[PDB]
Amino acid sequence: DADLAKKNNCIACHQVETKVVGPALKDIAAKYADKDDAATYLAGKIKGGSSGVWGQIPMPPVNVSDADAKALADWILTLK
Ligand code: HEC
C-alpha cells in the first residue's frame, strides 16, 4: 500500500501521478496491465534494480524482503 511505499522510500523517487526521478507509479501500472507475470516481474525489479526501461537514470536495488517486494508490486498494479 501507500504506507508501505513511503516507509521504504519509494516516494522519494516516485509519485503516484507524476514523474519525479522514476516513472509515475500509475504509468508503471498501465504499462504492465496486460503483462503476464507482471507482479513477479515488478517484484524482481524492485529488489534487484532497473536500468534503461524508462530513461537514463538507473534504479538502485532496494533492500526489502520478498514479501514486501511482492506486496508493493501487487499494490502498483492496482494504481490503474
Ligand atoms: C531513486 C533513487 C529510487 C528509489 C528510492 C526507488 N526507485 Fe523505482 N525507479 C527509479 C528509477 C530511476 C526507475 C527507472 C529505471 C529504468 O529502468 O529506467 C525506476 C523504476 C521502477 C519500476 C519499474 C521497473 C520496470 O522494469 O518497468 C518500479 C516497479 C519501481 N521503480 C518501484 C519502486 C519501488 C516499489 C520502490 C520502493 C522500494 C522504489 N522503486 C524505489 C528510482 C527509484
# chains A, B, ... in the order shown; residues from 1 in each chain; ligands from 1
$ residues_near_ligand --ligand "ligand 1" --cutoff "8 Å" --atoms "only C-alpha atoms and all ligand atoms" --output "compact mmCIF listing (two decimals) with N, CA and C atoms, in the first residue's frame"
# COMPACT_ATOMS: atom_id res chain seq x y z
N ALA A 5 5.08 1.84 0.67
CA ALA A 5 5.97 2.53 -0.27
C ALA A 5 6.71 3.68 0.43
N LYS A 6 6.00 4.46 1.23
CA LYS A 6 6.60 5.62 1.87
C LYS A 6 7.70 5.16 2.83
N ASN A 8 9.47 2.58 2.67
CA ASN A 8 10.62 2.04 2.00
C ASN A 8 11.27 3.00 1.03
N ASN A 9 10.99 4.28 1.21
CA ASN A 9 11.44 5.38 0.36
C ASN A 9 11.22 5.30 -1.14
N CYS A 10 10.17 4.61 -1.53
CA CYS A 10 9.75 4.63 -2.89
C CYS A 10 9.41 6.02 -3.31
N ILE A 11 8.79 6.76 -2.39
CA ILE A 11 8.14 8.01 -2.70
C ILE A 11 9.20 9.12 -2.85
N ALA A 12 10.40 8.87 -2.38
CA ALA A 12 11.42 9.87 -2.60
C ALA A 12 11.73 10.00 -4.08
N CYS A 13 11.50 8.92 -4.85
CA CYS A 13 11.81 8.94 -6.31
C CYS A 13 10.59 8.77 -7.21
N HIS A 14 9.50 8.24 -6.66
CA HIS A 14 8.29 8.01 -7.41
C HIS A 14 7.09 8.78 -6.80
N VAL A 21 11.79 11.26 -10.23
CA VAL A 21 13.02 10.67 -10.76
C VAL A 21 12.69 9.37 -11.52
N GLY A 22 11.96 8.46 -10.87
CA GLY A 22 11.48 7.21 -11.51
C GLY A 22 10.13 7.54 -12.17
N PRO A 23 9.63 6.63 -13.03
CA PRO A 23 8.34 6.81 -13.65
C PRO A 23 7.19 6.96 -12.62
N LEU A 25 4.17 5.92 -10.63
CA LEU A 25 3.55 4.59 -10.30
C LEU A 25 2.38 4.16 -11.23
N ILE A 28 3.63 2.91 -14.56
CA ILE A 28 4.07 1.53 -14.41
C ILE A 28 2.89 0.59 -14.38
N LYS A 31 1.58 0.32 -18.05
CA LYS A 31 2.48 -0.34 -19.00
C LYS A 31 2.32 -1.88 -18.90
N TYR A 32 2.33 -2.35 -17.67
CA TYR A 32 2.31 -3.78 -17.39
C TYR A 32 0.88 -4.33 -17.07
N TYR A 41 7.59 -10.00 -12.21
CA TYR A 41 8.50 -9.16 -12.98
C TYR A 41 8.78 -7.90 -12.16
N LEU A 42 7.73 -7.20 -11.73
CA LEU A 42 7.93 -6.00 -10.87
C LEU A 42 8.65 -6.23 -9.54
N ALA A 43 8.22 -7.28 -8.82
CA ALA A 43 8.87 -7.63 -7.55
C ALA A 43 10.40 -7.74 -7.75
N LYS A 45 12.28 -6.34 -10.22
CA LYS A 45 12.86 -5.02 -10.47
C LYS A 45 13.01 -4.24 -9.20
N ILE A 46 12.05 -4.38 -8.29
CA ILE A 46 12.06 -3.61 -7.04
C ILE A 46 13.24 -4.05 -6.17
N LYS A 47 13.46 -5.36 -6.08
CA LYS A 47 14.56 -5.84 -5.26
C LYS A 47 15.92 -5.78 -5.96
N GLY A 49 16.95 -3.97 -8.84
CA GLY A 49 17.35 -2.76 -9.59
C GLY A 49 16.75 -2.74 -11.00
N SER A 50 16.88 -1.61 -11.70
CA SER A 50 16.37 -1.46 -13.07
C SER A 50 17.23 -0.43 -13.82
N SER A 51 17.36 -0.62 -15.12
CA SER A 51 18.17 0.24 -15.93
C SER A 51 17.63 0.21 -17.35
N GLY A 52 17.32 1.40 -17.89
CA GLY A 52 17.03 1.56 -19.33
C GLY A 52 15.57 1.48 -19.74
N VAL A 53 14.66 1.06 -18.81
CA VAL A 53 13.27 0.83 -19.20
C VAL A 53 12.54 2.17 -19.43
N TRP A 54 12.86 3.16 -18.61
CA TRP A 54 12.19 4.45 -18.61
C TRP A 54 12.98 5.68 -18.94
N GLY A 55 14.29 5.56 -19.17
CA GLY A 55 15.17 6.75 -19.33
C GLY A 55 16.59 6.39 -18.92
N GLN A 56 17.46 7.36 -18.70
CA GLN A 56 18.87 7.01 -18.37
C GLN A 56 19.18 6.79 -16.88
N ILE A 57 18.35 7.29 -15.98
CA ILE A 57 18.64 7.13 -14.56
C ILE A 57 18.28 5.68 -14.16
N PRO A 58 19.24 4.95 -13.58
CA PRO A 58 19.03 3.57 -13.11
C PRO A 58 18.35 3.60 -11.76
N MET A 59 17.60 2.57 -11.42
CA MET A 59 17.02 2.46 -10.09
C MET A 59 17.94 1.52 -9.34
N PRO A 60 18.41 1.91 -8.15
CA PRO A 60 19.24 1.02 -7.39
C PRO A 60 18.38 -0.11 -6.81
N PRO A 61 18.99 -1.29 -6.58
CA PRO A 61 18.25 -2.36 -5.95
C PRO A 61 17.82 -1.86 -4.59
N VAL A 62 16.59 -2.19 -4.17
CA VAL A 62 16.08 -1.78 -2.82
C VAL A 62 15.98 -3.00 -1.88
N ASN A 63 16.56 -2.86 -0.69
CA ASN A 63 16.63 -3.93 0.28
C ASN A 63 15.28 -4.16 1.00
N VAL A 64 14.31 -4.76 0.33
CA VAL A 64 13.08 -5.13 1.01
C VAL A 64 13.04 -6.66 1.00
N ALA A 69 8.37 -6.61 -1.39
CA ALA A 69 8.55 -6.54 -2.85
C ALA A 69 7.31 -7.04 -3.57
N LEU A 72 4.30 -4.61 -2.73
CA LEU A 72 4.46 -3.33 -3.42
C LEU A 72 4.17 -3.48 -4.90
N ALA A 73 4.62 -4.59 -5.51
CA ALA A 73 4.25 -4.85 -6.93
C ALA A 73 2.75 -5.01 -7.13
N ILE A 76 1.21 -1.50 -6.81
CA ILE A 76 1.38 -0.64 -8.01
C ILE A 76 0.42 -1.07 -9.11
$ closest_residue --among "A:33, A:16, A:39, A:24" --to "residue 71 in chain A" --atoms "only C-alpha atoms"
A:39
$ select_by_dssp --residues "chain A" --states "helix (DSSP H, G or I)" --output "MDAnalysis selection string"
chainID A and resid 2:7 25:31 38:48 66:78
$ closest_residue --among "A:26, A:7, A:2, A:17" --to "residue 77 in chain A" --atoms "only C-alpha atoms"
A:26
$ atom_distance --atom1 "CA of residue 19 in chain A" --atom2 "CA of residue 79 in chain A"
14.4 Å
$ closest_residue --among "A:30, A:4, A:18, A:65" --to "residue 78 in chain A" --atoms "only C-alpha atoms"
A:30
$ atom_distance --atom1 "CA of residue 68 in chain A" --atom2 "CA of residue 15 in chain A"
18.4 Å
$ closest_residue --among "A:29, A:38, A:20, A:67" --to "residue 80 in chain A" --atoms "only C-alpha atoms"
A:29
$ decode --residues "range 57-73 of chain A" --atoms "C-alpha atoms" --output "PDB file, in the first residue's frame"
ATOM      1  CA  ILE A  57      18.637   7.133 -14.562  1.00  0.00           C
ATOM      2  CA  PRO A  58      19.032   3.567 -13.111  1.00  0.00           C
ATOM      3  CA  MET A  59      17.024   2.463 -10.088  1.00  0.00           C
ATOM      4  CA  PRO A  60      19.237   1.020  -7.387  1.00  0.00           C
ATOM      5  CA  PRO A  61      18.255  -2.360  -5.953  1.00  0.00           C
ATOM      6  CA  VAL A  62      16.082  -1.775  -2.821  1.00  0.00           C
ATOM      7  CA  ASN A  63      16.631  -3.925   0.277  1.00  0.00           C
ATOM      8  CA  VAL A  64      13.078  -5.130   1.006  1.00  0.00           C
ATOM      9  CA  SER A  65      12.037  -8.704   1.904  1.00  0.00           C
ATOM     10  CA  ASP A  66      10.425 -10.895  -0.814  1.00  0.00           C
ATOM     11  CA  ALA A  67       7.029 -10.369   0.876  1.00  0.00           C
ATOM     12  CA  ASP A  68       7.256  -6.529   0.788  1.00  0.00           C
ATOM     13  CA  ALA A  69       8.545  -6.545  -2.850  1.00  0.00           C
ATOM     14  CA  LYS A  70       5.551  -8.660  -3.770  1.00  0.00           C
ATOM     15  CA  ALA A  71       3.047  -6.549  -1.855  1.00  0.00           C
ATOM     16  CA  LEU A  72       4.457  -3.328  -3.420  1.00  0.00           C
ATOM     17  CA  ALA A  73       4.248  -4.853  -6.929  1.00  0.00           C
TER      18      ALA A  73
END
